[PDB]
Amino acid sequence: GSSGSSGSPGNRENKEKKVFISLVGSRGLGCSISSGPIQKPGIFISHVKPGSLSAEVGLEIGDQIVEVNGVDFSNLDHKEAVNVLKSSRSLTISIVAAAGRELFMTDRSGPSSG
């Protein structure tokens, strides 16, 4: 085997990241999603399991789901966002890299069993 590619670079972005979650093989999502208020409605991650479909991508608490597989998760629900999330295996989630991290960061209570 012998083949090298330098590829053509050219990119400049930070916010709004695309994370594709694949529900195949030995790997199942293990992150919790929450529902924002009326002022900040949406789908935000609450927790991420170690070695989950979200952990693999490096998803963290705050990553608000604004889009999923080209879906409008900016006004979805915990049922619609889940149904759509459970709709197919492979889905392209578009987070804003800890969009609403303050929705959780703000004070650290630390629940036991929701």
Problem - Search result, residues across segment 59-74 that are of a type outside the set (S, T, N, Q), more than 17 Å from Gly28 (Cβ to Cβ) and surrounded by 11 or more Cβ atoms within 10 Å (Cβ to Cβ) - result: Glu60, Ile61, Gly62, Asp63, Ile65, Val66, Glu67, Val71, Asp72, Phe73
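To keep it simple, each residue is scored yes or no on (1) assigned to a strand (DSSP E or B); (2) touching a residue at least 60 places away in the same chain (Cβ under 8 Å); (3) closer than 26 Å to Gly110 by Cβ.
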position: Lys40; (1), (2), (3): no, yes, yes
position: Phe44; (1), (2), (3): yes, yes, yes
position: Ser54; (1), (2), (3): no, no, yes
position: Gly62; (1), (2), (3): no, no, yes
position: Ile65; (1), (2), (3): yes, no, yes
position: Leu76; (1), (2), (3): no, no, no
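Give me a count of the residues in segment 11-33 that are closer than 19 Å to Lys79 by Cα and in a strand (DSSP E or B).
Number satisfying all stated conditions: 4.
Which residues, counting only those in segment 78-95, are part of a helix (DSSP H, G or I) and of a type in the set (S, T, N, Q)? Even if it seems obvious, please write down each step before you answer.
If we filter segment 78-95 for residues that are part of a helix (DSSP H, G or I), which is where we start, we get 80-87.
Passing the criteria: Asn83, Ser87.
If I ask for residues that are among the small types (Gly, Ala, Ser) and buried (at least 17 other Cβ atoms within 10 Å of the Cβ), which ones from segment 98-114 would you list?
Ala98, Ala99, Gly100
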Handout entry: Yes/no for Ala99 being in contact with a strand residue (DSSP E or B) (Cβ under 7 Å, 6 or more places away or on another chain), part of a loop (DSSP other than H, G, I, E, B), of a type in the set (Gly, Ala, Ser) and at negative phi
Key = yes
Exercise for the section: Check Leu23 against each of (1) surrounded by fewer than 18 Cβ atoms within 10 Å (Cβ to Cβ); (2) free of Cβ contacts under 8 Å to residues at least 60 places away in the same chain and name the one condition it does not meet. Expected result: (2)
Completion exercise
All-but-one check, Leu103 against (1) in contact with a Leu (Cβ under 9 Å, 6 or more places away or on another chain); (2) within 19 Å of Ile38 (Cα to Cα), failing number (1)
Exercise for the section: Would you check which residues across segment 75-96 are touching a strand residue (DSSP E or B) at 6+ places or on another chain (Cβ under 8 Å) and either charged (D, E, K, R) or surrounded by fewer than 17 Cβ atoms within 10 Å (Cβ to Cβ) (or both) and list them? Expected result: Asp77, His78, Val82, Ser90, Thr92
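Taken together, the values in this text are just the output of simple stated rules run on the coordinates, not laboratory data. All Cβ positions, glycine included, derive from the backbone under ideal geometry; neighbour counts span all protein chains shown.
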